[PDB]
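Below is one structure; the comments refer to it alone.
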Amino acid sequence: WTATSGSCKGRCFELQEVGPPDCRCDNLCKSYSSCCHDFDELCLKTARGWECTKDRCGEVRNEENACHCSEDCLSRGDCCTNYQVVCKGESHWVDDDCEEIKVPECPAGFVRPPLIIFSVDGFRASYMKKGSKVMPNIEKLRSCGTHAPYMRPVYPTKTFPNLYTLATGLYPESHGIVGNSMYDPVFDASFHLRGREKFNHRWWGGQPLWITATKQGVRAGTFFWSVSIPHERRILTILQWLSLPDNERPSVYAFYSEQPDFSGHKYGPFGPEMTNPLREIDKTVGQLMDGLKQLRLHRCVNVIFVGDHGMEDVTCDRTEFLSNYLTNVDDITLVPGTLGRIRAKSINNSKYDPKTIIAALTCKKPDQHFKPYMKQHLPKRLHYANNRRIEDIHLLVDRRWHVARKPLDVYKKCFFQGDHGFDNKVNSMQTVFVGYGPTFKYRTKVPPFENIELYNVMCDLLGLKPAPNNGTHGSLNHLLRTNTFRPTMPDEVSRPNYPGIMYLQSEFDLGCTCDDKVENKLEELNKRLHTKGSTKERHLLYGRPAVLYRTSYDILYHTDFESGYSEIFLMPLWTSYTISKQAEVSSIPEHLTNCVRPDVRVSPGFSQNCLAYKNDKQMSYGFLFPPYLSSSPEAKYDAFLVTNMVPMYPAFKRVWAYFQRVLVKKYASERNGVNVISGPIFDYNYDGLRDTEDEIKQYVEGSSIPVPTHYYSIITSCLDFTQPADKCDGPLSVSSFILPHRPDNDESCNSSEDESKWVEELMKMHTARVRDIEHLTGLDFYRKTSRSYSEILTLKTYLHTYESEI
Ligand SMILES: *[C@@H]1O[C@H](CO)[C@@H](O[C@@H]2O[C@H](CO)[C@@H](O[C@@H]3O[C@H](CO[C@H]4O[C@H](CO)[C@@H](O)[C@H](O[C@H]5O[C@H](CO)[C@@H](O)[C@H](O)[C@@H]5O[C@H]5O[C@H](CO)[C@@H](O)[C@H](O)[C@@H]5O)[C@@H]4O)[C@@H](O)[C@H](O[C@H]4O[C@H](CO)[C@@H](O)[C@H](O)[C@@H]4O[C@H]4O[C@H](CO)[C@@H](O)[C@H](O)[C@@H]4O)[C@@H]3O)[C@H](O)[C@H]2NC(C)=O)[C@H](O)[C@H]1NC(C)=O
Ligand SMILES: O=C(OCc1ccc(C(F)(F)F)cc1F)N1CCC2(CC1)CN(C(=O)[C@H]1CCc3[nH]nnc3C1)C2
Ligand SMILES: [Ca+2]
Ligand SMILES: [Ca+2]
Ligand SMILES: [Cl-]
Ligand SMILES: [K+]
Ligand code: NA
Ligand SMILES: [Zn+2]
C-alpha cells in the first residue's frame with residue numbers, strides 16, 4: 001500500500017527516494033505504482049513539444065510547457081535544448097568543428113568533470129559504419145573522441161546481464177544476473193523481465209557504479225528510467241540536474257534507450273525499418289550535446305556512448321525442438337531461445353538423469369544447431385558456471401537459431417525477425433564504445449576490449465576506488481588522456497629452487513624404462529651448460545612466470561625447454577619453449593616409443609611413476625614439451641624425463657598430439673617463430689580460479705598424481721612478424737587456449753575423422769585470454785619485457801576470436 005495523497009509540487013525527479021507509504025516523485029515511482037496523484041501533471045509536461053520555434057523566443061514563461069524559450073530559461077536551467085540555436089543565433093554542437101579538449105573547461109563550483117553514460121540497447125557494432133550517414137552526432141563523438149571498432153559483451157548477450165556487468169565490472173556468474181530469466185533454488189524464487197520479483201535486492205550482487213560513487217561521497221543521478229518517461233524528458237531531467245547547486249548536483253548520470261533493440265527484434269538488424277530508430281537515437285544525442293553546450297558544459301563533461309549487445313537475424317522457422325530428441329520432454333524445464341538451460345521439473349523425481357539427457361542431445365542430427373554441455377565443460381572464456389542459478393545442463397545455440405521445448409511453445413506463447421543472447425565472440429553480438437571528453441583522448445582508435453573493463457575506467461573518471469571486480473585495472477589506461485591509476489606487478493610469493501644432480505638412477509623405482517643406454521669433453525661440457533641454463537634466454541623470452549601463492553617448486557633447465565616443476569602437484573606448473581620458423585619436426589624414434597626417464601635432479605618421492613599409469617586403465621600420459629620438436633637426437637632424451645610427463649586420457653592425446661606435432665610448427669611458420677608456454681590447470685569447483693591441493697577430485701589410480709581439468713598454452717610472437725619471435729624489438733602478439741581435459745571427444749561431432757578436420761576448430765572454440773590462465777594457475781606472465789606494464793595488461797586481456805572481420 002501507498003498513501004498516494006501527497007504532492008510532487010517542487011519535487012519533480014527528486015534525487016532521494018522516500019519510504020512507503022509516502023508518495024514518490026523520482027523517475028522510478030511509475031514502476032512501483034507509487035507516484036503522487038499529480039506526478040504526470042507537474043513532472044511529465046508535454047505541452048508545445050520539445051523544441052523552440054522562432055515565435056517562442058523571448059516569450060512569457062508558461063509553466064505548462066515541457067521546456068522553455070523565455071529569457072529566464074538559462075538561469076532556471078530549463079530551456080528546450082535548441083533554444084540558443086533558434087533564439088540566440090548559436091550553431092548546433094554537430095556543426096562545430098571539433099577542437100581538442102586538453103583540459104576540462106567547467107563553470108566555477110565544478111569539483112570534477114561530470115560523467116554521462118549514454119547507453120543503447122542492441123546497438124550492433126557495425127551500425128557505426130553502416131548507419132553512419134544517418135547518425136551525424138554519434139559520428140562526431142566517435143571520430144573526435146576515443147573509440148573502439150567494437151566492444152565485447154559478456155555471455156549471455158542479453159540485456160540485464162550486460163547492463164549489470166557494465167555497472168559492476170563482474171561476470172554474470174559473480175554478480176548473479178545470469179540471464180533475463182532465472183530460478184534460485186536457495187531462495188526458491190524466480191526472476192523475469194516482466195514482474196516485481198526482479199525488484200528484490202537479493203538478486204543483485206556486487207557493487208554497481210552508483211553505489212560505489214555514493215559510499216565515496218560522489219553523488220549519483222538515478223540510473224533507471226520508467227518506460228513511459230520519454231527520451232526528451234530524460235535528457236531535460238539530466239540537464240536540469242546539471243544546473244542544481246554545487247552541494248546538490250550529482251557527478252555521474254545515466255541515460256538509457258530501449259532502441260534500437262526494440263525495433264531490431266521486429267525487423268532484424270538491418271531491416272529497412274531500422275534507419276529510423278538510428279536517426280532518432282542520433283537526434284537525442286544531438287539534444288544532449290546542444291543542451292550541454294547551452295550550459296557551457298560541452299568541453300567539461302565526459303560522455304560514454306555504450307551498447308549492451310548487438311543483434312542477429314533470427315526467425316521462427318529456425319527453431320530446434322527438444323521434443324525431436326527427447327522421449328521424456330515433460331520431465332524437464334527449459335529456459336529457451338538463443339541459449340538453453342535445462343533442469344528437472346520436479347525435485348521429487350529421482351528418475352531424472354542429466355547424463356542420459358545430454359546423451360540424447362549429442363550429435364543426433366547432421367546440421368544440428370545447438371550443442372549440449374555440462375556447465376563446467378563450457379569454454380572457460382565464457383566464465384559461465386559458478387552460480388547456483390546456472391543450470392547444470394546448458395545448450396550453446398548456433399547464431400541465427402532458437403531452441404524451444406515443443407512446437408506449441410513457439411506458436412502458442414512469425415512474430416520476430418531479430419534476436420540476441422548467443423556466444424559473446426559472435427560478430428553480430430559485438431556492440432559499441434565511444435568516450436568523448438577532457439579525460440579521454442582526442443581522435444584515437446583503441447583495440448577492441450571487453451565490457452567487464454569499463455567499471456574500472458568509470459571509477460578512474462570519477463576519482464573513485466573500484467570495488468573488487470573482473471576487469472584488469474590499467475588494461476584500458478590507453479583510452480585516457482590522464483590516468484588516476486598506475487598498476488604495479490604483483491609480488492612473487494614463492495621463489496623457486498634450482499636443484500642440481502642429487503639422485504642416482506637406482507634410487508628410483510617408478511616402473512619406467514627407457515632404451516637410453518647408448519653412450520668426449522666436447523659434447524659433455526656442452527650439455528652441462530644446457531642443464532645450468534645457457535639456452536634459457538632462448539626458451540624463456542619474457543622472464544619466468546611468478547608464482548603468486550605459497551608452494552614448493554623447482555626450475556628445471558634443458559637444451560630445448562625450461563620448466564617450473566611443482567613438488568606438490570608432481571608435474572610442471574608451466575613449460576616454456578621457443579620454436580623458430582626454421583625449426584624441424586621429427587618423429588619419436590621406434591626404440592623410444594614407451595621411454596620415460598627418471599630426473600636425477602628431483603627426488604623419487606616428488607616424482608610420478610609409470611606403474612600407476614599402467615594400473616589405471618582410463619588414464620594414459622603425455623608430455624608438455626613435445627618430443628617431436630627436439631633440436632637434436634640427443635636433446636630428445638630430455639623430452640622423456642618423468643618431470644616433463646602429465647596425465648592424459650587417450651581421447652585427449654588425440655588433440656594434444658595434433659597440436660604438438662602439426663599446429664605448433666604451423667604457427668611458428670606463419671608467425672616467424674613462436675614462444676610456447678604450456679601447462680596443466682585444475683578447476684574442479686569451476687570457479688575460474690586455481691584449485692588448492694585439497695580441491696582435487698581425481699588422481700591417477702593408486703597414486704597422488706592429480707588429474708588436470710584443463711591444459712593451456714600461451715603462444716607469443718612479435719607483432720611485427722618481419723622480426724623473429726626470439727629477437728623482437730617491439731609489441732607482442734599472443735593467442736592462448738584452455739582445452740578441457742575430457743575422457744571422450746563427444747564435444748566434437750566429427751572426431752571419428754582425421755585430427756585435421758576437427759582438432760583446430762575445438763582449439764578455436766576454447767580460445768582464452770592470458771588473464772584467464774593467470775586466474776586458473778596463480779601465475780603472472782610477461783614479467784620481463786621491454787614493454788610498458790599497461791601495454792602488457794592490454795596484451796593479457798586480448799582474446800583471439802577467429803571470427804572474420806566485422
Ligand atoms: C571476479 O571477481 C569477483 C569479485 O572480486 C571474484 O569473486 C570473489 O571471489 C572471492 C573468492 O572466491 C570471494 O571471497 C569469499 O567471500 C566470502 C564472503 O562473500 C560475501 O561477501 C562479499 C563481500 O560483501 C560479497 O561480495 C559476496 O556476494 C556473493 O554472494 C551473494 C550470495 O550469497 C551474492 O549476492 C553475490 O552475487 C556474490 O555471489 C557470488 O560469489 C559467491 C562466493 O562468495 C558464489 O558462491 C556465488 O556463486 C556468486 O558467484 C558474499 O555476500 C567468504 O565467505 C569466503 O571465505 C571462505 O573461504 C576462505 C578462503 O580464503 C576461508 O578463509 C574462509 O574460512 C571461508 O571459508 C568458509 O566457508 C566455506 C564455504 O562456505 C567453507 O567451506 C569453510 O569451511 C568455511 O566455513 C571468501 O573469502 C568473494 O566473495 C567473491 N566476490 C564476488 C562479488 O563474487 C571472482 O573470483 C572473480 N572471477 C574470476 C574468474 O577471477
Ligand atoms: O535505465 C535503465 O538502464 C540502467 C543502466 C544504464 C547504464 C548502465 C551502465 F552502463 F552505466 F553501467 C547500467 C544500467 F543498469 N533501465 C531501463 C529499464 C530496463 C532496464 C534498464 C528494464 N528494461 C527491459 O526490460 C528491456 C530489455 C530489452 C528491451 N528491448 N526493447 N525493450 C526492452 C525491454 C530496460
Ligand atoms: Ca539489451
Ligand atoms: Ca577452482
Ligand atoms: Cl536468459
Ligand atoms: K593407462
Ligand atoms: Na565425437
Ligand atoms: Zn533485445
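In this chain, numbering begins with 1 at the start of the sequence shown. Side chains are part of it too, since the values below use all heavy atoms of this structure and drop only hydrogens, waters and symmetry mates. Atoms within each ligand, like the ligands themselves, are counted from 1 in listed order.
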With no hydrogens and no angle check, just 3.5 Å: does a side-chain donor-acceptor pair link [X] and [Y]?
| X | Y | answer |
| --- | --- | --- |
| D423 | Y155 | no |
| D331 | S346 | no |
| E280 | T284 | no |

N/O/S atom of [X] under 3.0 Å from the Ca ion (ligand 3), yes or no?
| X | result |
| --- | --- |
| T159 | yes |
| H309 | yes |
| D308 | yes |

Point to revise | N/O donor-acceptor pair under 3.5 Å between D282 side chain and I138 backbone | key: yes
Revision key, fill the gap. The atom name of the N, O or S atom in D121 nearest to the Ca ion (ligand 3) is OD1
Practice item. Tell me whether the centres of the aromatic rings in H710 and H766 are closer together than 6.0 Å. Key: no
Point to revise | Residue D261, metal the Zn ion (ligand 8), N/O/S under 2.8 Å | key: yes
Review point. Counting backbone and side-chain atoms alike, does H265 have an N/O/S atom under 2.8 Å from the Zn ion (ligand 8)?
Key: yes
